[PDB]
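# An overview of the molecular structure
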Amino acid sequence: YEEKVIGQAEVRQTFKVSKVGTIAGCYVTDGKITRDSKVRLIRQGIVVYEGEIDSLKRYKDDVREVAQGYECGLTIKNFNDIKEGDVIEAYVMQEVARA
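- Going by the PDB entry, the protein chain carries the name INITIATION FACTOR 2 and comes from Geobacillus stearothermophilus.
- Under its PDB header, the title given for this structure is "SOLUTION STRUCTURE OF THE FMET-TRNAFMET BINDING DOMAIN OF BECILLUS STEAROTHERMOPHILLUS TRANSLATION INITIATION FACTOR IF2".

### A few points about a negative patch on the surface
- On the surface, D36, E52, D54 and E95 cluster together to form a negatively charged patch.
- With respect to the element layout, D54 can be found in the loop between β4 (47–52) and β5 (55–57).

### Describing the nonpolar core
- Residues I33, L56, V66, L74 and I76 are the most contacted members of the largest nonpolar core, which totals 23 residues.
- Counting only elements with at least two residues in this core, the list comes to β1 (5–11), β2 (24–28), β3 (38–42), β4, β6 (71–75) and β7 (87–91).
- Excluding residues within four positions of it along the chain, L56 makes contact with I33, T34, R35, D62, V63, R64, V66, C72, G73 and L74.

### Concerning the side chain of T34
- Counting through the fold element by element, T34 comes out in the loop between β2 and β3.
- At 3.0 Å, the side chain of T34 forms a polar contact with the backbone nitrogen of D36.

### Let's talk about a nonpolar patch on the surface
- Together, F15, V17 and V20 make up an exposed nonpolar region whose accessible area comes to about 260 Å².
- By secondary structure assignment, the location of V17 is in the loop between β1 and β2.
- Residue classification places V17 among the partly exposed positions, given a relative accessible area of 41%.

### Quick word on the packing of aromatic side chains
- As enumerated under the stated definition, the model contains one aromatic pair in all.
- Pairing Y49 with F79 gives two aromatic rings, centres 4.8 Å apart and planes at 20°, and the pair type is stacked. Pair noted here: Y49 is in strand β4 and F79 is in the loop between β6 and β7, with a separation of 30 residues, a long-range link.

### As for unusual backbone geometry
- Of note in this structure, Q68 is not a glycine but carries a positive phi near 85°.
- The residue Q68 is located in the loop between β5 and β6 in this model.
- Phi at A97 takes a positive value of approximately 70°, unusual for a residue other than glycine.
- Along the chain, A97 falls in the segment after β7.
- Of the residues examined, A97 reaches a relative accessible area of 24% and is grouped as partly exposed.

About the cut-offs
Residues numbered from 1 in each chain as written, not as in the entry; some residues may be left out. Heavy atoms only, no water. Residues with missing side-chain atoms left out of burial classes, pairs and counts. Patch = residues over 30% accessible without salt bridge, like charges linked within 9 Å, V, L, I, M, F, W, Y side chains within 5 Å. Areas by Shrake-Rupley, 256 points an atom, 1.4 Å probe, with all protein chains shown as cover. Salt bridge = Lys/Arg side-chain N within 4 Å of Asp/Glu carboxyl O. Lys, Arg positive; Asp, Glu negative; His and termini not counted. Charge placed at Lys NZ, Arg CZ, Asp CG, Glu CD. Helix = DSSP H or I, 4+ residues; strand = E, 2+ residues; numbered from the N terminus. Core = buried A, V, L, I, M, F, W, Y, C linked by side-chain atoms within 4.5 Å. Buried < 20%, exposed > 50% of the residue type's maximum accessible area, 1.4 Å probe, protein only. Contact = heavy atoms within 4.5 Å. Polar contact = N/O pair within 3.5 Å; in protein donor to acceptor, adjacent residues only side chain to side chain. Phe/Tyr/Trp six-rings, centres within 6.5 Å; stacked < 30°, edge-to-face > 60°.

Have a look at this one:
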């Protein structure tokens, strides 16, 4: 088996607040945008940033994933670029959410 997409989404926005962090929201279009997953966004030319998720917290609670088509606010590792930069892409193995 290959480590295909496990959480592809599109940045909604981010939270570069002087109280929170950089809670980057993303609309999902593939697997799940979970805490136990990596991340890889891209602009209209190249990669905007890469790594993993820092935290996972929606507008309701601290959800672990965001599959189907739900948007949740999550930080993306040590994100240098902020505010709805572009489309994000979570990639990993088949051990997400439950592992």
